[PDB]
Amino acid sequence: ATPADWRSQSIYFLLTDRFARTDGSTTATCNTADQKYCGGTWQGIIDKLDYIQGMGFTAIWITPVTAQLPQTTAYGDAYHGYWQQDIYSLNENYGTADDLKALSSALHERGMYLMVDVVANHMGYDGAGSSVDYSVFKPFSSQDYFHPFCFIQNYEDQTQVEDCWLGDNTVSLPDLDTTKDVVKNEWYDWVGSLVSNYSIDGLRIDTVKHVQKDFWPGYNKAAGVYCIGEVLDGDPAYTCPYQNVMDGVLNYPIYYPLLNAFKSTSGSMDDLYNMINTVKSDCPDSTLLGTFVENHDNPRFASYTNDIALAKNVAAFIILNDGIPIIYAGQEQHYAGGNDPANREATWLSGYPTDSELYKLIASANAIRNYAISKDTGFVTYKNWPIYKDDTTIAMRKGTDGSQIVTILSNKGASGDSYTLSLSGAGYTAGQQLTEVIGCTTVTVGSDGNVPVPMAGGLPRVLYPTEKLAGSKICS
């Protein structure tokens, strides 16, 4: 599927090992500190697609599928998929080639997309760099395919960032020499044939800043689908230029101020407001970025605060910002694990309740986004506009005049006071009825064009014209 096709999608990101077992158990042990395979599979995902689609996601992102180093290392198993050895075999822990094809087909029957995580930068190996037997790597079965062994120490030296190895002396990540035509040609053939064998709709490309930029146009073209890159840097002047070589990147620039704004009742709305406007202006296309606050490489949102109002607001922002929403399996059950491995909790241990507070919030927010997109072909290309901020509030507008979603978010938290915010710049006409689609109340635009927004409980407010909701299932 093309970049234009992906703009309307909403992604549920999951670890194949951690989301759902074939046996469907909600009690099978998964101690994250053991760092071992817990037994999640592709078949398990298929069996729980109603759970994912019930929150109004249109797509899933799954962790890498290639065969891995076999060892239980000092840091545990390759459960996560980022330690590959044989790129032409699958990780048998997750199932068979027919199971991965059955997952793609099950998503397609539901009108959903499959996105697969891929690594081009590195293989994995149990042990020090000097102990590597290069013959285990397929097809790269020679030291001749790799950069000489060194670690990245100077992260300001972009040459060192690209040419030296990730990992450490315990688990090494042998660095492919992606400047070699033979390495480019194998990777380009591989990614095209992976996409066509498993009918994959899009790719999440890990580790993009560790491979020189001239590799990536050819890779994105060989894949034949939308690619979103992991460029792990909060500076839009570093990260956004990668969109000149790849369709999209993960929005790490928004990540840091978004987390800061909502993790505390003292968070900076100014930093978030300013970063939205920096990304909108200075990134090649904000509408092809991926918005997130939670992943398997940072502490979960609830590890910073268990306030459920704050969690509702940050989830609403993720769904209503420019670009593709990305929610990490467990976020919807308010999982609170810290840094790796504590943030790789099994989703099944929640019991997959569809009545939890954040399942309902995310369902409500995806519902209005999906509905608005179905009625407004300009929604996804209208650049999100922050129209108001104060010490505890940000408000933003997105969509075609007359059909715009106007979102008011707060960091007051669950003990926030009850008051009316008089909101200017929403763009609706005097006397217009709006539905607040999270709580299903109505507000009326005043003769002056200001919206009197009832604020209470620190709750997020998402406004849409009541007249435009004719025939939707929203706030029935």
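Just so we're on the same page, rigid core means the largest C-alpha set that superposes within 1.5 Å between forms. Counting begins at 1, following the sequence as shown.
Between stretches 128-136 and 322-330, greater average Cα displacement in 5 other deposited structures of this protein relative to the shown form, fitted by the core, falls on 128-136. Of the two stretches examined, 264-272 and 248-256, the record assigns the greater average C-alpha temperature factor to 264-272. Two stretches are in play, 66-74 and 417-425, and the higher mean C-alpha B-factor belongs to 417-425. In the PDB entry, the Cα temperature factor peaks, among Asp201, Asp144, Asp117, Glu332, at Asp144. Ranked by Cα temperature factor within the chain, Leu463 sits in the middle third according to the deposited record. Remark: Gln9 belongs to the middle third of its chain, ranked by C-alpha B-factor as recorded.
In the deposited entry, the Cα temperature factor of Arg369 places it in the middle third of its chain's modelled residues.
For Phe151, the recorded CA B-factor ranks within the highest third of the chain. Only modelled residues enter the ranking.
Ranked within its chain, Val453 lands in the highest third, by CA B factor from the PDB record.
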